[PDB]
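Notes follow the structure.
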RNA sequence: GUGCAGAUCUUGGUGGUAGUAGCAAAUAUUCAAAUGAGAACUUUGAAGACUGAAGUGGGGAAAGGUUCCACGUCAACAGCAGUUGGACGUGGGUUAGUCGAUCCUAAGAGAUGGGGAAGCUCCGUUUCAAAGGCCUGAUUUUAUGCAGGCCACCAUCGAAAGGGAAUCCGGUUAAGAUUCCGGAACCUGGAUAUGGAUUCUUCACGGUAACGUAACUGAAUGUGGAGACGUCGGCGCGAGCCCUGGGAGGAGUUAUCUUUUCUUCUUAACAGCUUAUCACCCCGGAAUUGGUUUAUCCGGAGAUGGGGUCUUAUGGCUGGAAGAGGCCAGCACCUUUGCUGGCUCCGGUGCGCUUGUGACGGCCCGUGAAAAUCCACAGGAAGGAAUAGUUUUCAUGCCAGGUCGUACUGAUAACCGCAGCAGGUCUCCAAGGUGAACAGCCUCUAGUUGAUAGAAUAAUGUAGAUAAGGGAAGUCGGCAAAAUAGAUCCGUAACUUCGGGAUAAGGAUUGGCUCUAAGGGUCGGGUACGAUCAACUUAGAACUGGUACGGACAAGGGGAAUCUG
Ligand SMILES: [Mg+2]
Ligand SMILES: [Mg+2]
Ligand SMILES: [Mg+2]
Ligand SMILES: [Mg+2]
Ligand SMILES: [Mg+2]
Ligand SMILES: [Mg+2]
Ligand SMILES: [Mg+2]
Ligand SMILES: [Mg+2]
Ligand SMILES: [Mg+2]
Ligand SMILES: [Mg+2]
Ligand SMILES: [Mg+2]
Ligand SMILES: [Mg+2]
Ligand SMILES: [Mg+2]
Ligand SMILES: [Mg+2]
Ligand SMILES: [Mg+2]
Ligand SMILES: [Mg+2]
Ligand SMILES: [Mg+2]
Ligand SMILES: [Mg+2]
Ligand SMILES: [Mg+2]
Ligand SMILES: [Mg+2]
Ligand SMILES: [Mg+2]
Ligand SMILES: [Mg+2]
Ligand SMILES: [Mg+2]
Ligand SMILES: [Mg+2]
Ligand SMILES: [Mg+2]
Ligand SMILES: [Mg+2]
Ligand SMILES: [Mg+2]
Ligand SMILES: [Mg+2]
Ligand SMILES: [Mg+2]
Ligand SMILES: [Mg+2]
Ligand SMILES: [Mg+2]
Ligand SMILES: [Mg+2]
Ligand SMILES: [Mg+2]
Ligand SMILES: [Mg+2]
Ligand SMILES: [Mg+2]
Ligand SMILES: [Mg+2]
Ligand SMILES: [Mg+2]
Ligand SMILES: [Mg+2]
Ligand SMILES: [Mg+2]
Ligand SMILES: [Mg+2]
Ligand SMILES: [Mg+2]
Ligand SMILES: [Mg+2]
Ligand SMILES: [Mg+2]
Ligand SMILES: [Mg+2]
Ligand SMILES: [Mg+2]
Ligand SMILES: [Mg+2]
Ligand SMILES: [Mg+2]
Ligand SMILES: [Mg+2]
Ligand SMILES: [Mg+2]
Ligand SMILES: [Mg+2]
Ligand SMILES: [Mg+2]
Ligand SMILES: [Mg+2]
Ligand SMILES: [Mg+2]
Ligand SMILES: [Mg+2]
Ligand SMILES: [Mg+2]
Ligand SMILES: [Mg+2]
Ligand SMILES: [Mg+2]
Ligand SMILES: [Mg+2]
Ligand SMILES: [Mg+2]
Ligand SMILES: [Mg+2]
Ligand SMILES: [Mg+2]
Ligand SMILES: [Mg+2]
Ligand SMILES: [Mg+2]
Ligand SMILES: [Mg+2]
Ligand SMILES: [Mg+2]
Ligand SMILES: [Mg+2]
Ligand SMILES: [Mg+2]
Ligand SMILES: [Mg+2]
Ligand SMILES: [Mg+2]
Ligand SMILES: [Mg+2]
Ligand SMILES: [Mg+2]
Ligand SMILES: [Mg+2]
Ligand SMILES: [Mg+2]
Ligand SMILES: [Mg+2]
Ligand SMILES: [Mg+2]
Ligand SMILES: [Mg+2]
Ligand SMILES: [Mg+2]
Ligand SMILES: [Mg+2]
Ligand SMILES: [Mg+2]
Ligand SMILES: [Mg+2]
Ligand SMILES: [Mg+2]
Ligand SMILES: [Mg+2]
Ligand SMILES: [Mg+2]
Ligand SMILES: [Mg+2]
Ligand SMILES: [Mg+2]
Ligand SMILES: [Mg+2]
Ligand SMILES: [Mg+2]
Ligand SMILES: [Mg+2]
Ligand SMILES: [Mg+2]
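Residue numbers (the entry's author numbering), protein chains in the order written: chain z, 65 to 127; chain AH, 2 to 113; chain AL, 2 to 78; chain AM, 2 to 51; chain j, 2 to 253.
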């Protein structure tokens, strides 16, 4: 029951928090997820040819 | 929640005491001891793991057939191909220049 | 320790030397999706190894069963 | 201990044997003097020093 | 009183060298037929870190002239030698960094390391990281050679005495601060048990000439004579001068 | 060896003290039955609690030595008791080719030719020494002399946590089990015969190559490899655990409510096929530089791309193997105890937890053992076929595997502390919630419920709390105590070696409930989007309450200076 309300975004207020924002969800974890998703899009846009390898390479390093 | 015990007198976490957990047909959890992992044999020239060769702990190499211990080229279970490639070319060219070296100083003696 | 799919190779084993006993196991199993069928495993006890041939076809089974050497000791189920 | 030398296991055995009460028929012998076993030993009172 | 600290070291109990990881003694090849008449060729098969040493060893393999087999030597590596390089050792041998030649066979100004004291001893002088000796002259009659060692001293030895061209590798090690107790700790951990050092002046009299007093202090001149006896020698032994050295060093 | 009142005299015995100090740490007990002369204390049933997987759980190492188990049993012992016991009496109990020792080497120890020393002995360990033994040939008096060629390695002891040939699952005892029983394997040594392979081109073919294989002769000598190795970091993957959907069973609750809460649904070594990051090969020849990791490293010394090769950690399917084990129903009956059935199925998820492992990266004046042992290659000594030879590194088959330890405790009672002492004493396995968490607090499994008891609640205490107004006036001294504290946001001085000082200081906010928004995966697209499934994070907004909300637990007082390292 409780686990459900947490899925509903409950008991999450500032008074319910003891560990730091980092300890709860590390920044690096967040970043690694993101940079991999970006990395993963570029690759399929190139493979499909939606983007050309030159534009890809630029976006790669900008990502 | 089901916990487990070593199967031998040795209480400590030494590398010979490595353990694994396993579900049995009895339906229960039990430890089973685990031999140390074997490592790949290495080229003597360079030191890469030489391909084609099976990897076992040293005395198990006696329990296996010779095809697992070699590859079909010369220096098979010993050197790494590309290394053998080199000592062919090197041998040849040196044995050649060795002729070039003699006849040149054969003339040098004769004209001087 | 070993399994056999060659019905010819099998018979050869049964007539070899060291092989005295043997056993035939019968299993109810299901086919594909819907229905059942009758599986039979022929287990031959060799000196260092137990060979077992699985005949999925009920017909080949009955045929194979009689093919067994008459001097061989066989355990039913 | 708990994995022993045979030597120790042997002494341990002789020790076990010596641990019994005085056989009572001795008490009946002519000129008997021994009343009780005076060398009796117990594992929680005296340790046997190997 | 007690036997002081510098007396207890000679009995070699806890003071022996910590030797377990060492590659084995560094030496020149035995001085044999090949080396004193011709030259002989080798390959450096490796250059490697020795424990408790400043400078890397070089494993150098040669052929055994009298038997079919390989024979491997341990050299102190001169700066610039490299794996796969060919090493030449003998009376007649070209003058190149890494080779080993008799001191007689090299011109003045030549720079060599691991040089023998007597010929054959497989090297004595100038083995520490950064060090070398310079050949400052020859006396062909009685075939001696005059060299200058790292200390500044100038010694004269047999021209047959072998040395190896170049300087020893890993130099400049001592320019970097140790920065903390631990770095020193791990340093002497692989040498011997000399660290840390209690000052005698922090001890009681039983322990040391310097021991005792209601203030820390030596109490008599800390310059001790050679004539002094064991248990007496601590502080500055046989000092011909003492005090901050002013002005240029560097013997004339 | 002759006379005691003394010597803090010697040994032994005995008093007053005194039925006195006391038997108060470790939360905690209770009802009934049974047994028995006897029950606060034994056994059983019930109830109340506890340890809370960093255990009061399940095992071991040292050490102990029978304490293990059964039966009998209370004189002493367990600072109350006793019918109970680690006590007393009497018996029973420890099963191995595979688990250890055994073998190897580590620091080290220590014989020997010797050299010291009056000598007990000291030094040396390959050291100034004539230091030893293998492979087969020579024998057809015959049994093992000599003929070669090697090897000059020169004792030995030293690890029940280092190195190391080989075993698993189920069942079983009062007490033993990787040791017994059942089944199924594997290693080593010794013997060997049949099958297959090989050969008239004698000592195998195939692939451009990486390399493939059921095999595919190989002495001396030599060389390579394995054994064989630091630490920390993030990232990838495996296993077990954790969470969870459908179904098939059994159990609990049901005044009311819950298609509900709890639980069973398992698969060993070993074998076959198959499975890999890395590495490598072939084709190709690159600026408009490309590829690419979370982490910037790679390419004309050949990148990107396309195609292949290899290790088999590891996983998958099958054999082992459902016949086992788990969970149910339906009959039988003083028994030994059966009998008959059914079902044991298909999925999901991840910055989860523990552990294993890979490819990388950080560090060093630290760069993180040895030997036994096993294999390989270079070499080509030699031995070998057509009327039949070579092969036991391919398959199958035969025999054997000794000696010693193996019980149990491992600690608030089996060890050491004079003891059933609040001390000490090496280590493996580790569930759910809350939460950053192996924290505290509550729980499941398992184990406990042991520590004299009854009645009262004076003084004085020990240990735990609170106090109006004042606020260090107390004291040598703020000693003791109190105050503070998590997290998000705001804000932060002198000075400084520029790294700090800093959580400086100083502030606001925090429940419940109900919504909104942002953040991802996967598949088909000719040479813009659609469809589906699975996750708590962060911010914003309403409503609501005796203004409460890190509601217990958990959790820094701060500032200005002097002396000093
Ligand atoms: Mg970061
Ligand atoms: Mg992705
Ligand atoms: Mg880039
Ligand atoms: Mg055990
Ligand atoms: Mg470790
Ligand atoms: Mg292979
Ligand atoms: Mg191969
Ligand atoms: Mg060949
Ligand atoms: Mg005692
Ligand atoms: Mg004694
Ligand atoms: Mg030494
Ligand atoms: Mg020290
Ligand atoms: Mg000093
Ligand atoms: Mg000092
Ligand atoms: Mg002092
Ligand atoms: Mg003195
Ligand atoms: Mg003096
Ligand atoms: Mg003094
Ligand atoms: Mg002073
Ligand atoms: Mg008398
Ligand atoms: Mg007298
Ligand atoms: Mg008198
Ligand atoms: Mg008297
Ligand atoms: Mg008196
Ligand atoms: Mg008197
Ligand atoms: Mg008296
Ligand atoms: Mg009384
Ligand atoms: Mg009293
Ligand atoms: Mg008391
Ligand atoms: Mg009680
Ligand atoms: Mg009870
Ligand atoms: Mg509790
Ligand atoms: Mg805890
Ligand atoms: Mg035990
Ligand atoms: Mg009694
Ligand atoms: Mg007792
Ligand atoms: Mg009592
Ligand atoms: Mg009593
Ligand atoms: Mg007894
Ligand atoms: Mg007994
Ligand atoms: Mg073993
Ligand atoms: Mg033995
Ligand atoms: Mg000696
Ligand atoms: Mg030994
Ligand atoms: Mg051992
Ligand atoms: Mg071991
Ligand atoms: Mg069992
Ligand atoms: Mg039994
Ligand atoms: Mg037991
Ligand atoms: Mg058996
Ligand atoms: Mg069998
Ligand atoms: Mg064999
Ligand atoms: Mg073939
Ligand atoms: Mg070797
Ligand atoms: Mg090696
Ligand atoms: Mg090791
Ligand atoms: Mg196994
Ligand atoms: Mg590819
Ligand atoms: Mg190809
Ligand atoms: Mg493959
Ligand atoms: Mg991640
Ligand atoms: Mg390294
Ligand atoms: Mg090998
Ligand atoms: Mg074989
Ligand atoms: Mg024997
Ligand atoms: Mg046991
Ligand atoms: Mg106990
Ligand atoms: Mg004791
Ligand atoms: Mg105790
Ligand atoms: Mg569960
Ligand atoms: Mg008590
Ligand atoms: Mg109490
Ligand atoms: Mg009381
Ligand atoms: Mg009071
Ligand atoms: Mg109050
Ligand atoms: Mg007040
Ligand atoms: Mg105030
Ligand atoms: Mg004031
Ligand atoms: Mg006052
Ligand atoms: Mg005052
Ligand atoms: Mg004061
Ligand atoms: Mg104050
Ligand atoms: Mg205080
Ligand atoms: Mg208050
Ligand atoms: Mg401050
Ligand atoms: Mg709010
Ligand atoms: Mg969304
Ligand atoms: Mg002052
Ligand atoms: Mg200080």
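Idealized CB from N, CA, C, for every residue including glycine.
Boundaries of the alpha helix (DSSP H) in which residue 139 (chain j) is found, first to last residue: No alpha helix (DSSP H) contains residue 139 (chain j), which is instead part of the beta strand (DSSP E) from 134 to 140.
Since residue 119 (chain j) contacts residue 39 (chain j) with CB under 8 Å, what's their CB separation in whole angstroms? Their Cβ separation, rounded to whole angstroms, is 22 Å, which puts residue 119 (chain j) and residue 39 (chain j) out of contact at 8 Å.
For residue 92 (chain AH), which residues of its own chain have a beta-carbon under 6 Å away from its beta-carbon, when the five flanking residues on both sides are left out? none
Tell me, which residues are paired with residue 23 (chain AH) by DSSP? AH:31
Under a Cβ-count criterion, where at least 16 other Cβ atoms within 10 Å of its own Cβ denotes burial, should residue 145 (chain j) be classed as buried or exposed? buried
Coil, strand or helix - residue 116 (chain j) by DSSP: strand
Which word fits residue 161 (chain j), buried or exposed, when buried means at least 16 other C-beta atoms lie within 10 angstroms of its C-beta? buried
Candidates AH:42, AH:112, AH:16 and AH:23, of which the one nearest residue 59 (chain AH) by Cα: AH:42
Please classify residue 13 (chain AL) as buried or exposed, where buried requires at least 16 neighbouring CB atoms within 10 angstroms. exposed
Return the bridge partner residues of residue 219 (chain j) from the DSSP annotation. Beta-bridge pairing links residue 219 (chain j) to no other residue.
Roughly how many angstroms lie between the CA atoms of residue 24 (chain j) and residue 51 (chain j), to the nearest whole one? 6 Å
Delimiting residues of the alpha helix (DSSP H) encompassing residue 68 (chain z): 66 to 71
Across which residues does DSSP place residue 47 (chain j) in a beta bridge pair? j:60
Quick check on DSSP: helix, strand or coil for residue 238 (chain j)? strand
Less than 7 Å separating the Cβ of residue 31 (chain AH) from some heavy atom of ligand 4? no
Strictly by DSSP, which residues pair up with residue 164 (chain j)? j:102
Take residue 74 (chain AL) and list the residues in its own chain whose beta-carbon comes closer than 8 Å to its own, dropping the five residues that flank it on each side. 21, 22 and 23
For residue 112 (chain z), which three-state DSSP category applies? coil
What's the gap between the Cα of residue 20 (chain AM) and the Cα of residue 2 (chain AH)? 46 Å
Candidates AL:51, AL:45 and AL:38: which alpha carbon is nearest residue 66 (chain AL)'s? AL:45
Can you tell me whether residue 60 (chain j) is buried or exposed, with buried defined as 16 or more other CB within 10 angstroms of its CB? buried
Give me the Cα-Cα distance between residue 113 (chain AH) and residue 100 (chain AH), rounded to the nearest whole angstrom. 20 Å
In the DSSP assignment, find the unbroken beta strand (DSSP E) run with residue 104 (chain AH) in it and report its ends. Where residue 104 (chain AH) is concerned, there is no enclosing beta strand (DSSP E), although the alpha helix (DSSP H) it sits in stretches over 83 to 111.
Contact check, residue 83 (chain AL) vs residue 40 (chain AL), beta carbons under 8 Å: The structure shown does not extend to residue 83 (chain AL), since chain AL is modelled only from 2 through 78, so no value can be given for it.
Nearest-angstrom Cα distance between residue 38 (chain AH) and residue 55 (chain AH)? 13 Å
Distance CB(residue 5 (chain j))-CB(residue 235 (chain j)) smaller than 8 Å: yes
DSSP puts residue 39 (chain AL) in a beta bridge; with which residues? AL:29
On the CB-based measure, 16 or more other CB atoms within 10 Å of its CB, does residue 111 (chain j) come out buried or exposed? buried
In whole angstroms, what is the alpha-carbon distance linking residue 56 (chain AL) and residue 18 (chain AL)? 24 Å
Straight-line Cα distance separating residue 51 (chain AL) from residue 76 (chain AL): 14 Å
Kindly indicate which three-state DSSP category residue 89 (chain j) falls into: helix, strand or coil? strand
My output table needs one value for residue 43 (chain AH): the three-state DSSP class, helix, strand or coil. strand
So who's on the other strand from residue 56 (chain AL), going by DSSP bridges? AL:41
To the nearest angstrom, report how far apart residue 177 (chain j) and residue 122 (chain j) are at their CA atoms. 34 Å
Could you compute how far the alpha carbon of residue 96 (chain AH) sits from the alpha carbon of residue 13 (chain AH)? 60 Å
Leaving aside the five residues before and after residue 5 (chain AL) along the sequence, list all residues of the same chain whose C-beta is less than 6 Å from its C-beta, in chain order. 11, 52 and 54
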